[PDB]
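> My structure is below; once you've seen it, I'll send some questions.
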Amino acid sequence: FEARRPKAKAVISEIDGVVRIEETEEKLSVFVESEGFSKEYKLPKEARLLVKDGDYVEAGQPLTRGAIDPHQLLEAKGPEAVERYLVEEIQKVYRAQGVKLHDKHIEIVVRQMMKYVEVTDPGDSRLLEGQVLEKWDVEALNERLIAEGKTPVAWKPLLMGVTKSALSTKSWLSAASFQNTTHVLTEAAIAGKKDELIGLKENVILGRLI
Amino acid sequence: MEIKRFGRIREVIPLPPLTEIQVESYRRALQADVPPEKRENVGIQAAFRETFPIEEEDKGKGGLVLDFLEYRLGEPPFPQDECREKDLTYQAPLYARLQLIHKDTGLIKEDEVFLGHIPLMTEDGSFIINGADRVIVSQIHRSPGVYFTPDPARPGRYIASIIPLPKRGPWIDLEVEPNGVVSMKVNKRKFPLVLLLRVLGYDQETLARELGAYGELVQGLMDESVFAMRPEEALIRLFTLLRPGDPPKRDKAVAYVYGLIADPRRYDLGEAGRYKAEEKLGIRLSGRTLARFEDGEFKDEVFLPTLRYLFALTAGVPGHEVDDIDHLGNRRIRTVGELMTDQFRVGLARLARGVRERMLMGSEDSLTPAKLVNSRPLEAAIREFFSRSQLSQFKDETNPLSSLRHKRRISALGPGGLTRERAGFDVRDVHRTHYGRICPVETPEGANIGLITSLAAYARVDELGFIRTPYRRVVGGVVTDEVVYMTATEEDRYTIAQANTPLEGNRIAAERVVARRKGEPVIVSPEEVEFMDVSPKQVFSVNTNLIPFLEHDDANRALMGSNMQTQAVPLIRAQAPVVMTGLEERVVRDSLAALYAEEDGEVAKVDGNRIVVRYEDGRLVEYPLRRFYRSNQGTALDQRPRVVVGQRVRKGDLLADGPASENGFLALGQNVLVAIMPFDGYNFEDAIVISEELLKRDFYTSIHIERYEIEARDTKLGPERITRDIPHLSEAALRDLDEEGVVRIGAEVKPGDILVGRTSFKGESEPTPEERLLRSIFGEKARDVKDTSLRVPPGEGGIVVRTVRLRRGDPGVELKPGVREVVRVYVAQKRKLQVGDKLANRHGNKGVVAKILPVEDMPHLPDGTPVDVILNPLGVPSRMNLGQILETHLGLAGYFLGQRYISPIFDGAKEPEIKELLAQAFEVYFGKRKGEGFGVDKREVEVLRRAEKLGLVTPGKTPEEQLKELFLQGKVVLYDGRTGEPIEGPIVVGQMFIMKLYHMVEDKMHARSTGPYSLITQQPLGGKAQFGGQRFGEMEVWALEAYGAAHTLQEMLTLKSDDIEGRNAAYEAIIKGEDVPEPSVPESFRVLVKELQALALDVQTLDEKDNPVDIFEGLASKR
Amino acid sequence: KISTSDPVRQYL
Amino acid sequence: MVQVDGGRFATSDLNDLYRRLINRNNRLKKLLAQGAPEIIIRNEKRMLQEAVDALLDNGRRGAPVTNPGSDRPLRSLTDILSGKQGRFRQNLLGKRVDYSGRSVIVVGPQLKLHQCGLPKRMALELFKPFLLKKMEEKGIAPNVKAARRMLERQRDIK
Amino acid sequence: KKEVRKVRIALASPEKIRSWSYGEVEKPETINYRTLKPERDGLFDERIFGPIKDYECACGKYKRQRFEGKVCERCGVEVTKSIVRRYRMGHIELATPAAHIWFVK
Amino acid sequence: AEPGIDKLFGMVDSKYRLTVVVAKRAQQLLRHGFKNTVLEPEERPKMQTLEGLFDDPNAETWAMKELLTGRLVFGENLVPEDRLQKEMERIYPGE
Amino acid sequence: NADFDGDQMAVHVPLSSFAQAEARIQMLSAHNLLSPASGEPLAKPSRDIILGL
Amino acid sequence: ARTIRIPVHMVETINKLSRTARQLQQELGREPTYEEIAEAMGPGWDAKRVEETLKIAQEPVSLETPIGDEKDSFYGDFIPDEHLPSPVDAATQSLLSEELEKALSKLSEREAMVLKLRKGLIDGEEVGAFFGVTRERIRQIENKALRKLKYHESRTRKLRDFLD
Ligand SMILES: [Mg+2]
Ligand SMILES: [Mg+2]
Ligand SMILES: [Mg+2]
Ligand SMILES: [Mg+2]
Ligand SMILES: [Mg+2]
Ligand SMILES: [Mg+2]
Ligand SMILES: [Mg+2]
Ligand SMILES: [Mg+2]
Ligand SMILES: [Mg+2]
Ligand SMILES: [Mg+2]
Ligand SMILES: [Mg+2]
Ligand SMILES: [Mg+2]
Ligand SMILES: [Mg+2]
Ligand SMILES: [Mg+2]
Ligand SMILES: [Mg+2]
Ligand SMILES: [Mg+2]
Ligand SMILES: [Mg+2]
Ligand SMILES: [Mg+2]
Ligand SMILES: [Mg+2]
Ligand SMILES: [Mg+2]
Ligand SMILES: [Mg+2]
Ligand SMILES: [Mg+2]
Ligand SMILES: [Mg+2]
Ligand SMILES: [Mg+2]
Ligand SMILES: [Mg+2]
Ligand SMILES: [Mg+2]
Ligand SMILES: [Mg+2]
Ligand SMILES: [Mg+2]
Ligand SMILES: [Mg+2]
Ligand SMILES: [Mg+2]
Ligand SMILES: [Mg+2]
Ligand SMILES: [Mg+2]
Ligand SMILES: [Mg+2]
Ligand SMILES: [Mg+2]
Ligand SMILES: [Mg+2]
Ligand SMILES: [Mg+2]
Ligand SMILES: [Mg+2]
Ligand SMILES: [Mg+2]
Ligand SMILES: [Mg+2]
Ligand SMILES: [Mg+2]
Ligand SMILES: [Mg+2]
Ligand SMILES: [Mg+2]
Ligand SMILES: [Mg+2]
Ligand SMILES: [Mg+2]
Ligand SMILES: [Mg+2]
Ligand SMILES: [Mg+2]
Ligand SMILES: [Mg+2]
Ligand SMILES: [Mg+2]
Ligand SMILES: [Mg+2]
Ligand SMILES: [Mg+2]
Ligand SMILES: [Mg+2]
Ligand SMILES: [Mg+2]
Ligand SMILES: [Mg+2]
Ligand SMILES: [Mg+2]
Ligand SMILES: [Mg+2]
Ligand SMILES: [Mg+2]
Ligand SMILES: [Mg+2]
Ligand SMILES: [Mg+2]
Ligand SMILES: [Mg+2]
Ligand SMILES: [Mg+2]
Ligand SMILES: [Mg+2]
Ligand SMILES: [Mg+2]
Ligand SMILES: [Mg+2]
Ligand SMILES: [Mg+2]
Ligand SMILES: [Mg+2]
Ligand SMILES: [Mg+2]
Ligand SMILES: [Mg+2]
Ligand SMILES: [Mg+2]
Ligand SMILES: [Mg+2]
Ligand SMILES: [Mg+2]
Ligand SMILES: [Mg+2]
Ligand SMILES: [Mg+2]
Ligand SMILES: [Mg+2]
Ligand SMILES: [Mg+2]
Ligand SMILES: [Mg+2]
Ligand SMILES: [Mg+2]
Ligand SMILES: [Mg+2]
Ligand SMILES: [Mg+2]
Ligand SMILES: [Mg+2]
Ligand SMILES: [Mg+2]
Ligand SMILES: [Mg+2]
Ligand SMILES: [Mg+2]
Ligand SMILES: [Mg+2]
Ligand SMILES: [Mg+2]
Ligand SMILES: [Mg+2]
Ligand SMILES: [Mg+2]
Ligand SMILES: [Mg+2]
Ligand SMILES: [Mg+2]
Ligand SMILES: [Mg+2]
Ligand SMILES: [Mg+2]
Ligand SMILES: [Mg+2]
Ligand SMILES: [Mg+2]
Ligand SMILES: [Mg+2]
Ligand SMILES: [Mg+2]
Ligand SMILES: [Mg+2]
Ligand SMILES: [Mg+2]
Ligand SMILES: [Mg+2]
Ligand SMILES: [Mg+2]
Ligand SMILES: [Mg+2]
Ligand SMILES: [Mg+2]
Ligand SMILES: [Pb+2]
C-alpha cells in the first residue's frame, strides 16, 4: 500500500525481446535484445534466474526471482500494470491467511495511489507540479475545447504510497489532520486555499453533514 | 471427607518462605534489630558510611570531618490499624549518632538528629504507606561487570563494555577500527586505550608483547608513539582531551573517580562485581572497583583485562566469549532493599549537598546539629519513592493468593538506567536460563509481556540478585537429598536431569534417561548425570503450581488460569477444590490469611471477636480477629474462629480462618456439580447457565465493602455545613440521616438516598433576581444555601456499617487545608451470584452468567439431584485444556465416594486410576439404587440404545453392566428437567471447582443522560454521581462514516458532545416533543480557530462565492 | 543561535 | 483562571507566554523613551523576538519553562492545534456522547436479530428526558421538575 | 443562514488582526487576588474580552435582557452569557516588529 | 425485520433516498399535526396497552406504513419549497 | 467480534426523528446481513446452532 | 515574576512567613501547625492569616498537567463548568418564564412591573420603587397582587414545583 523498495528486488525487463546468458566467475548477466537493441542486466551471485537462454520477456517481466518494485514496473509496463500488480500482490497475503475480501476494495484504494500526476508541458502553473490527474483533465478539457490555443498540458503518470497519497491532498483540512499541521497550513495559507468540502474527514471537523 | 493423593517423586525439600524475597531484603537492608556491633553492614548503614565522612577542606577555611558512629531507629510514631483509620504512613524513626571535628580545639558531638521517617514492613511482607497497603516490586537489569558484545552494523569484529552502576559512574567501550585508530569511551569520545594504560603505567613494549603477542591488534595499541613516550604527562593530556578548557594541573584529581570511591562501586567488596569479573574475564581487582589513592600512581587490574578479552574474544577460543544477555546471572534482579537504599542515598546526596553550603555559613563553632542538617531533602526523596515511584502501586489484595503473588513479582520497567519501552522482543521472550527461576507462563497477557514476570516456586535471590534455583546433587549413578541453590551461570557447567527419572532411591534407574545441558535437551547416561531437578514445582510459580493437571493444558491458556486466581473474590462460603495440587495449605499459611497457634495449650474464650488461648507454659494471649476490615480492593477480610471453647491446640493449628480458607486450605471458589452440554444457546460462545438452587444456598455470595467520603469545605461564600438540614423538600428522605447530619448505622441505603448532608452557598458572588421573586412569593425567608450532599451513586449501596467524622480540634490527624472536616461512611452489600457476573475454573474456562434457571427444569440426574451449572462443550476443543474434563471426571467419583483428592502437576492421577475410582462410584450411585428397590428406566435403556449405536458401550452386555462401562467413561444419563425425557446420548457430569471473579469499577452499568461538562474542552465529564460520557473514537467514527449515517455522525459531534448552544436547545427540544435543532458550530472548531489566530495565521470560512460566513455567532464583530 | 552568549558578547 | 483547591488557581499555560510578550514589549517602549543605548535595545528586541515565537510555537528555537517545578514546554499555540503531546490522538480518540451507556453483555437466546435486551435501569437514564415528558402526559407527575425529583432516588419510583 | 460550503485559510493583514479585536491588552495583569476580578487593562478585562456574568454587567447599571445589545455609559460591558467572553479576541500592539516562526523556519 | 423493507427499497432510485423520504414524512406527521395521514380508518398503525397507537407513538412507523402504499409522492422538486408549509398549515389542525 | 467472557458493549441513542429513521431503516442489524468485504454472509448459524443442526 | 499581581507588602510578608517557617523547622520535627507561624512572626499574626498567606503563595497549577496514571488525560476535562445552563436549567428557565409571564399578565402593571423590573430588570426601595404613587399604594398592590398571583398559582399549580 506504500509502494516501496522491496527486500530482494527482481530486475525487471525494461525491454521486450529475446534472452542471452553468460558464465564468467563473479557475476551473471542476462541480455535482452530485439532486432533493435539489447540491454545488459547485472544479476549478482544470489539472484536465481527465472529466464533462460532462449525466449522472449515482456516489458516488466520477472527476470530475477521474487519481488518487484512498483515504480519500475510502472515505468516499464505502465499504470494499468502497476495497479493490477498492487491488487493481486496484496490479495496474495490475505488469501494465504483465509481472508476472502472482494478486489473492488483494494482497487478503490490503489486508484487513490495514482490519482496524482506531474506536469512537463505547462499552460497555467509552472512544470514540476505533481497534481491531481482529473484536475488536469479539467484544464486540458476546456483549454482545447471551449477557449482555444491548444496548450497541451503534457503530464506523466505518478505512483505514490498510500501514506504519501493522503499526506499531500486537495483540502488542507485533511492534511492538518496529520502531524504536519505546521506545514500544511503555512502553504494553504499563503495561497488563499478555498477548501471545497469534498471528502468526509474534512467535512466532519466542521461538524457539518457528511 | 477423606484425602487420597498421588504421584511420588519424593518432595525432598519444603517450598521456601514464599515472601522471603521481600522480607529478608528489608532485613539486610535496614539492619535495625541488631546492634551496630552485628556485622551485616550493607544497606542503610552502608549507604550511611558511604556518604558520611564529609572531608571538605579548603577554599577559605576547612579541615572538616563529620563522622558516623551508630544508626539506631526505634520507636514508631503510631501503629498499623491507627495508620489505616487515620491517614498516616506507618514509619520507624531514625536518628544516628554524629560528631563533627575541628581543625582547632573541639569536636562537638550533637548526638541525635531525626531526619527520615522511613516505612516499616508488615509481618507478611507488605507496607502501609498512606491508607492502602503497598508493595515494592523487584526488577531486572545488566549485572555490573564486563561483557563483549558483537559490534552494531559491520559484520566484522566485536567490542567491549565495562558496566559501572550507579549512573554517576563511567561506561567504557573498547573497539578497534584499524586503518589508523582504536576507541575507548568513558563518557563519549574516544582516544587510545593506550593513552590510558600509559597513564597507569603500561608502556608500549610491556603491553604489546605480554598482553597481545598472541593478539596482533597490539599494533593499534603501540601506534601513536609520540604520546606513548611520555607518562604522567599522559595523565594531563587526557584531562586536556576531556572538555571545559580546565586547569592543566589537578594532581590525582579526576583520575581518582574512575579510581576509588563513588562512581564505580558495585555495592559490596568481594561478591557484587568481582564475581562477574572473575567468572567472566581477567582475574583480580584490588580495591572494590578499579580503585587506589595511596601513592598518587594508580593501579588498574580491570582496564587491561577488558581489552585482553577483546583481543581474545576477537580470536580463536579462550573460552567462547559471547554473552547471552538474558542469561539470569547477567540480568540481575533488584530486590526491594536495593530500591530503597538507592532512593535513600540519592537523598543523602541531596542532604550533603546543602550541608556543604552551611559549612561556610555557620559563623564559627556552634555548627553541629542544625548548621549542617536539614531534613527537607530526605523526606521529599524517600516519601516520593513510596508514594509516586512508578515502581510502586496499590497492593493487589483481591484475595490472599493475589497479595502473595504480587509480593513476589519481577519487572524490568524501572529507573531509566534500567530498561524502557522501545525494548523487549528479546527480553520479552522466555530465555533458556529462565528455569526454576521464572515461570514461562505467569507474565501478563498483552502490551506488557515478558517485561513483568513472577519467579518460580523454589527460586531464591542468594547474595547478589542472580536468581538461583534448587538442584540436588547426584554423584555417579547416585541421587542425593542434598541441594545446591545454583546461579544461572554455573548451571551451564553441569549436565542436569529432570525429576521424572525412575529413582530407586540413590539409584538412577534407566540407561538412556534425559538431562538438559545448558539450554539443550539431551539424552545423557546415568554416569554423566551430575545434578537433578528437585521437582516440577520449581519450573513454575506458586500461582501456577495450583493448577490440577497443568500438563494437559496449553501453556497459552494456563496463563489465563493463573491470572484468574489472582482475581478470586472471597466467598462467604469458602470451599477448597475437590482436587488440589498441594500448595493450598502453604499458600494460606505463608500468606497471612489464617491465624495459627504459637505453642501448644488450651482455649479459654472463643468470641466472634477474639480467641484467648491458654498455652501450657502458664501464659494466655488474646488473639483479636480482624472482623470486617476493608481491603484496598473492597473484598472482605474476616477471621472466623474454627476452634471451640476449651480445646488443646497443636502448635501451628488454625484457630481462625482467613478471608477465603475452609480449614487452613486455600479456597477461592466452590465445588459444584456440573453438567457439560449445550443448552438452548444460553451458554452460547462462553456463557454459563446457573441453577437458581445455587443462590438459595448462600453459595457464590461475597461480602464487599465500598467506602464513600465527603468534605465540609471552606468557601469564601461561606463554610459548608454538615447538618441534618437538606433545604428544599422532605423528611422521609431524612430518616436514615438520623444523627443530626450523618447516616445512622445499620440503615439500608438505596441509590439516591442521602448518605451525608452538606450546605454550601448558591451563586458565585451574587444572589439571584429571578430566584429572588420566587422565594418571596411563597416564603422569602428560606435558607439561601445549596444542597451539596453526598448521595449514593448510581450503581448500588448496601447497609451502612461504620462512619467517621473528623470535626474541629483534631486528635492526631492530618486534615488538608481548606478542609474544614471530613466524613467517611462505610457501606457493605451482599453481592449474590447474578446474571452478568463472571465465574471461571483454574483451566481458563472464563465465562459469564447468562441465565439463572429454576431448579425446576435444568438437567437432572436419574436420582433427584440436579446439576448446578451447565457448561458448553464448544469452549473446550478450540482452547486446549482437556484437564478440565479430567477434573470433572475425578470429581464425579469424589461426589459419590465422598472424598477429595490431590493431583500433582506432572506427577498425579492417571486415566487408569480415575477409571478405577469411577468404578467405586458406580456402586455408590447404582448400588444403593439396586437395594433401595428399583432398576432401570425406559429412558435409561433408550439412551443406551442410541449409545451403543454410537460406540460408547460394547453391544450385548446388560444395562447394569452397560451403564458401568458408560459411567467409567465419565458420563451418565441425564433427563431434561423440562420434559422429563432423556438427553439422547450419555452426558458427562461431575465436581468442578469454579471461582467467581471480582467486579472492577467498570461493571457499575454506566448510563449518562445529561450532566457536567469540562471547563476548557466543552465535552461531557462525570466523576462522583453523573456517569461520564462514553468516547466516540475515530475507529467508531469510520464505522458511521462507512454507513450513510450522516446525521448520526453529526450529532455525535454536535448535539451530544460539543455544541454548547446545540445540546441546550437539544434537551429542551426533546422535552417538548419536536425534532432536534440543527447543529450549531463545534466548540472544538471555534477553540481551534482562535488557537490558530493566536498564531499569526487567519482562518476565515467562506461562502458560496468566496465571501464571508460566520461560525462565531456575533461575538467577534466589534464592540 | 542561543541568545545569552550573543548579548553578553555584544555589550561585553 | 480557575479556583482549584483552597487557594490553588490554575491557568492555561498560554498566559505565561503572553505575560512574556507583554512585559518585554512594554519594557521595550520604556527603554526607547528613557533614552536608548544601542546594545540594550537590541538585547531586548532579541528577547521580544523569541517571546513572539513562544506563544506561536515553542521548541522551534529553544524551549520556554515555567519556573523550577516543571521543565515543561509551555503549550505554544500550534501545539494546541497539532496536538504535540498526543492531543490529536485524543481528538480522534473521541469526544463524549451525551446519551450513551455501557454494560457487560450476555447472550439472549430467544431475542430476535431485530431486538436486544437493554436493562430498564439503564434505559431510564438514557431515555430520561423522553420519559419525563411522558410522565406529564400521564398522571404520574405534574411537571418535569416534579418528574425529575420523582426519579432522583431509587426507592421512589411507582 | 446559508449553508457553509467553503472554508479558506488566508494570511492575516495587520489591519485584520485589529478588525478581529477589541481593546489592546497592554498590561500583564491577569487577576488580582483580593477580588477574583480582571485586574487593569490586562488579559482579563471586561471591555477587551467580555463580561464576567450571565446577562449582568460588572457594576450593575443595566442587569436585565431588555437592554440586550447596548453598552454602559460609565463602563463598557455588552452581553450574552460568559460565552461571548470566550470567543472574543484582543490584540497586543507590538513596539517594533518580529515575525512568524511558522513562515520563517 | 421491518415491514416490506424490500418493497420500500424498490420504490426508490437510491437506498439513502428512501431514508430521507420517511424521515421527512415523519417530520410533518408530527409538526403540522399528527393527523396528517393518508391511511387511517380500518387497518393502519396500532400499539397494545389499549389499542392507543392510533394517536402518537412512532411517527415514521407511519411514514413507512404509508409510503409502502401508493398515495404519497416523493420527488426531487415536487412542490415549491416555501408554499408547501403554508398550504399544509392552512389544511391541517391539531397544532 | 464478541464472546461472553466479559466483553462490554456501549449503547447510543439516536435523538432526532431523522437519526431514528436512518438508524432503524438502514443501520438496523437485520438489514445489514451480508458483509462489505465479501458477498459472503456475515450473520449465520455459528457455533452452537451448527452443532445442533 | 508572578501570574497574579501581589503588592510588595504581601511579598515581604510571604518572605517573612517563609523565613519564620524555616526557623520553626529548625527544632520541632514538626512542620509547624500555623500556631507557631503566628507567634514567631509577631504582633497581629493569627491562624486565619498564615493559612490565607500560604494559600496565596502557592502558584497557579497548570490547567494542563499530567493526570492519574499519567497518560493523555489532561486536567482540564475534569473541571466542570458553572455559568452554563446544563439542559436542566434551560428547561427550568423556559417553564418558569412562561408561567411567571402568564401570572404577571393577570395582575395590573403598576406595582407588579415596578417590583418585576425593580427586581427582574436592574438592581434588586419601596418608596423609590413606585413612580408618583407613594408607599401605601405600593405595599397595597405589592402585597395584594402578589398574593392573588400566588394564590391562584396555588390552584393551577404550575409554579410550585420549585423551579429552583
Ligand atoms: Mg531494424
Ligand atoms: Mg556493477
Ligand atoms: Mg533455471
Ligand atoms: Mg512510465
Ligand atoms: Mg493501457
Ligand atoms: Mg497495459
Ligand atoms: Mg475466508
Ligand atoms: Mg515544462
Ligand atoms: Mg508533485
Ligand atoms: Mg483549443
Ligand atoms: Mg480544440
Ligand atoms: Mg498540495
Ligand atoms: Mg510530526
Ligand atoms: Mg455548519
Ligand atoms: Mg474438608
Ligand atoms: Mg469438611
Ligand atoms: Mg490412599
Ligand atoms: Mg479412596
Ligand atoms: Mg524421589
Ligand atoms: Mg529420598
Ligand atoms: Mg558496604
Ligand atoms: Mg489525606
Ligand atoms: Mg585550625
Ligand atoms: Mg538492561
Ligand atoms: Mg548499570
Ligand atoms: Mg574501517
Ligand atoms: Mg560529562
Ligand atoms: Mg610477564
Ligand atoms: Mg602485534
Ligand atoms: Mg611502538
Ligand atoms: Mg579538563
Ligand atoms: Mg564500597
Ligand atoms: Mg574454556
Ligand atoms: Mg511496571
Ligand atoms: Mg538517562
Ligand atoms: Mg531471547
Ligand atoms: Mg489476564
Ligand atoms: Mg556424577
Ligand atoms: Mg534436602
Ligand atoms: Mg543443553
Ligand atoms: Mg556411554
Ligand atoms: Mg504459555
Ligand atoms: Mg502464552
Ligand atoms: Mg508443597
Ligand atoms: Mg477456660
Ligand atoms: Mg484489619
Ligand atoms: Mg493442621
Ligand atoms: Mg465459589
Ligand atoms: Mg450512624
Ligand atoms: Mg426554606
Ligand atoms: Mg476553616
Ligand atoms: Mg442415584
Ligand atoms: Mg456425601
Ligand atoms: Mg475417567
Ligand atoms: Mg433393583
Ligand atoms: Mg441394604
Ligand atoms: Mg460495585
Ligand atoms: Mg446519576
Ligand atoms: Mg469505546
Ligand atoms: Mg447555523
Ligand atoms: Mg461589529
Ligand atoms: Mg478568575
Ligand atoms: Mg489549553
Ligand atoms: Mg504557569
Ligand atoms: Mg486542536
Ligand atoms: Mg512531532
Ligand atoms: Mg492532551
Ligand atoms: Mg478528548
Ligand atoms: Mg431467554
Ligand atoms: Mg423460544
Ligand atoms: Mg424477550
Ligand atoms: Mg438515577
Ligand atoms: Mg482573586
Ligand atoms: Mg479591578
Ligand atoms: Mg481597571
Ligand atoms: Mg520592538
Ligand atoms: Mg416484518
Ligand atoms: Mg412496490
Ligand atoms: Mg385523520
Ligand atoms: Mg393489521
Ligand atoms: Mg381492538
Ligand atoms: Mg396547523
Ligand atoms: Mg467487528
Ligand atoms: Mg473478552
Ligand atoms: Mg439531526
Ligand atoms: Mg433486516
Ligand atoms: Mg459489501
Ligand atoms: Mg466484513
Ligand atoms: Mg463469520
Ligand atoms: Mg515595604
Ligand atoms: Mg500551603
Ligand atoms: Mg484532557
Ligand atoms: Mg457550565
Ligand atoms: Mg468554578
Ligand atoms: Mg413574567
Ligand atoms: Mg432605590
Ligand atoms: Mg419614585
Ligand atoms: Mg386559578
Ligand atoms: Mg389553598
Ligand atoms: Mg394543581
Ligand atoms: Pb456597569
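Chains as they are written, first to last, in the authors' numbering: chain A, 1263 to 1472; chain B, 1 to 1119; chain C, 74 to 85; chain D, 527 to 684; chain E, 2 to 106; chain F, 2 to 96; chain G, 737 to 789; chain H, 255 to 378, 384 to 423. Here a beta-carbon is modelled for each residue, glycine too, at the ideal position from N, C-alpha and C.
By the 8 angstroms beta-carbon criterion, what residues does the segment 17-28 of chain F contribute toward chain B?
Answer in chain order: 17, 20, 28.
> Buried or exposed for residue 209(B), going by 16 or more other Cβ atoms inside 10 Å?
Classification of residue 209(B): exposed, given that the 10 Å Cβ count is below 16.
> Cβ closer than 7 angstroms: which chain B residues qualify as neighbours of residue 678(D)?
Those within 7 angstroms of residue 678(D) in chain B are 752.
> To the nearest angstrom, how far is the alpha carbon of residue 300(H) from that of residue 765(B)?
If I take the Cα positions, the gap works out to 26 angstroms.
> On the three-state DSSP scale, how would you describe residue 369(B)?
In this structure, residue 369(B) counts as coil in the three-state DSSP scheme.
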